[PDB]
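A quick write-up on the structure given underneath.
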Amino acid sequence: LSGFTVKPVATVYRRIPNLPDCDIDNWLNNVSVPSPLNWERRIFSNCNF
Amino acid sequence: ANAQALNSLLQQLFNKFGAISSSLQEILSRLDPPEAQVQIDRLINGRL
Amino acid sequence: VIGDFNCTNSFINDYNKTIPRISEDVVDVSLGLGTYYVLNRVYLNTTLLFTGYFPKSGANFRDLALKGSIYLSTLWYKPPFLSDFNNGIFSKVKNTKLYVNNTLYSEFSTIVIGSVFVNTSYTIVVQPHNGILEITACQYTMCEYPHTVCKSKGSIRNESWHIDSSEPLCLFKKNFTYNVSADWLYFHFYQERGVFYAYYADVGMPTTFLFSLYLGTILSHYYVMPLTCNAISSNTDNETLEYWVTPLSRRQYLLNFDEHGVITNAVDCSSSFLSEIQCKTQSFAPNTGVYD
Amino acid sequence: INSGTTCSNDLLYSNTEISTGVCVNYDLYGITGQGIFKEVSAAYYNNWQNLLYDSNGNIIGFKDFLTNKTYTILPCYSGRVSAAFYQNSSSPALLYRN
Ligand SMILES: *[C@@H]1O[C@H](CO)[C@@H](O[C@@H]2O[C@H](CO)[C@@H](O)[C@H](O)[C@H]2NC(C)=O)[C@H](O)[C@H]1NC(C)=O
Ligand SMILES: *[C@@H]1O[C@H](CO)[C@@H](O)[C@H](O)[C@H]1NC(C)=O
Ligand SMILES: *[C@@H]1O[C@H](CO)[C@@H](O)[C@H](O)[C@H]1NC(C)=O
Ligand SMILES: *[C@@H]1O[C@H](CO)[C@@H](O)[C@H](O)[C@H]1NC(C)=O
């Protein structure tokens, strides 16, 4: 008779990243709170968050 | 002699026969249905 | 000329001969020199007939060291110093270990791979540092006369090979480590169906995988930046820079893996008549018979 | 939007947990297929090796970089039943070989 086949679920995905993380939590947890007049700006690019 | 004949036929599933790859799951995951039949036809005509 | 952006107009000396000296040794693959492990695959107690990009046995290298001085030149940025990246190259760099101020520092030249070396294209730069290897492939802005300086006992110049305000749209950025107290280094760079590969070794005959990146473009140019320093001259220490390069081609090899997964022997299938029989039967000890 | 090289990892890292005993698909390091996993003690992996292959070219194991564990991939069952049926019977006799 015909072959019995099933459709599995819950696939697995794995891949090694090639770009470093953005690391925003450490920058937002800085002990130095800037004044509203300063509002220091830092730009994040080509990273993972 | 029987073992060599069965192992040679088993390796035919890893050949490309001109296609982009040998696994049908990779073809059906990186190409659209309209342009995917041209790649599967090369694997069917080669394995048969 | 490398880039299309004027960056400096400092002193320039006369265009000397700068002959690309040829090495006296040949490539020997009887122990593993020239072969590399697979990307992320492990083979145990088996023999594999790999069809990859390996250097041809019995061939000489060509030096590309461009150790500069207080002056520079315009012929260094011209062929044959800028070869054609047809299929790949094989590097063999000497670990220039200095002992300035009783400190063991390891510095040597870099390698740049690109297609047109402009902003709308991707340029792969592998610049070594003190005990840390850096690899970035972004859309840098190449200068007309790029060069690098030395950290320990710096020159009277400043390293300036790219000028940008913000970081461009990069595709790969990662650091690697290497042994500082080493003797020789080996590398592997080649392309296949668009994607790019890279290897590196510090000890042993084979090399280890670094990364695999997809670009979609066919890069066919590579150039080695000079090393402007004032510590490897005649009056200074007798250390000399070396950077050997030999072309690669698609050829079949036979690798042997022991019970642990270390390459023990390797033979080139297009070297002699005996090696042709080994790659046909896939064994280092062929049987008795007549082979065509 | 929908450009650049700054993405988020809120899709591929959904569960980050694998089972051992059931058949499920996998996309480990660009390799696609199906199989069954099984925990095993392996000490032949290096700092740059993550997959295990045989001479024929099939993956028979891997190593996860998030938990530092080694497994073994085995092909999942896909067989065929041989049934014998009489002339004017109502249900054939089934036989699952091996
Ligand atoms: C890889 O290594 C390089 C070299 O150490 C790192 O670049 C340093 O970054 C810090 C922080 O921005 C600077 O203070 C240093 O001046 C940089 N060094 C050099 C030589 O430029 C880099 O951050 C490391 N990581 C990555 C992802 O590249
Ligand atoms: C390696 O393979 C040989 C040849 O089949 C065999 O005799 C030997 O027992 C194997 N060793 C191990 C550790 O599997
Ligand atoms: C680095 O090389 C030195 C000698 O070349 C050796 O003694 C040392 O063990 C090596 N270290 C590593 C981490 O390989
Ligand atoms: C796995 O082992 C390596 C080397 O021992 C270690 O650097 C890494 O942190 C380990 N992974 C985890 C998740 O602990």
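Counting begins at 1 with the first residue displayed.
This deposition comes from electron microscopy, 3.0 Å.
The backbone N, Cα and C atoms fix where each Cβ goes, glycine too.
Marked as disulfide bond by Swiss-Prot on the basis of sequence analysis: C:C7-C:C143, C:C138-C:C170, C:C150-C:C229, C:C269-C:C279. Taken from Swiss-Prot, the feature domain 'BetaCoV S1-NTD' covers C:1-281, and the record attributes it to sequence analysis. Among the features that Swiss-Prot reports, N-linked glycosylation site is placed at C:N6, C:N16, C:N45, C:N101, C:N119, C:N158, C:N175, C:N179, C:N238.
Here C:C138 (disulfide bond) is compared against the recorded positions C:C7, C:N16, C:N175, C:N179, C:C229, and the shortest C-alpha distance is to C:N175. For ligand 2, the nearby recorded positions are C:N45; that is, of C:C7, C:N45, C:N119, C:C138, C:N175, C:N179, these have a C-beta under 6 Å from one of its atoms. Close to C:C143 (disulfide bond) in the fold, though at least 6 residues off in sequence, lie C:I2, C:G3, C:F5, C:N6, C:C7, C:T8, C:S160, C:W161, C:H162, C:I163, each with a CB less than 8 Å from its CB. Chain D comes close to none of the recorded positions C:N6, C:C143, C:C150, C:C279, judged by a C-beta to C-beta distance under 8 angstroms. For C:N101 (N-linked glycosylation site), the nearest neighbour among the recorded positions C:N45, C:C229, C:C279, judged by Cα separation, is C:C229. For chain A, the nearby recorded positions by a Cβ gap under 8 A, listed in sequence order, are C:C170, drawn from C:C7, C:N119, C:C170, C:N238.
Checked against C:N175 (N-linked glycosylation site) by C-alpha proximity, the recorded positions C:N16, C:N45, C:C150, C:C269 yield C:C150 as the nearest. Put simply, of the recorded positions C:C150, C:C170, C:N238, the one whose Cα is nearest the Cα of C:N45 (N-linked glycosylation site) is C:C170.
For C:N16 (N-linked glycosylation site), the nearest neighbour among the recorded positions C:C170, C:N179, C:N238, C:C269, C:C279, judged by Cα separation, is C:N238.
Less than 6 Å separates the Cβ from ligand 3 in the case of C:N179, drawn from the recorded positions C:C138, C:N179, C:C229 in sequence order. Neighbours of C:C150 (disulfide bond), defined as other CB atoms within 10 A of its CB across all chains, total 21.
With respect to C:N179 (N-linked glycosylation site), the closest of these recorded positions in Cα terms is C:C150, chosen from C:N119, C:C150, C:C170, C:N238, C:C279. Ligand 1 lies within reach of C:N175 from the recorded positions C:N16, C:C150, C:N175, C:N179, judged by a C-beta closer than 6 angstroms to any of its atoms. C:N101 (N-linked glycosylation site) carries a helical DSSP state (H, G or I). Under the three-state DSSP scheme, C:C7 (disulfide bond) falls in the coil class. There are 17 other Cβ atoms within 10 Å of the Cβ belonging to C:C279 (disulfide bond).
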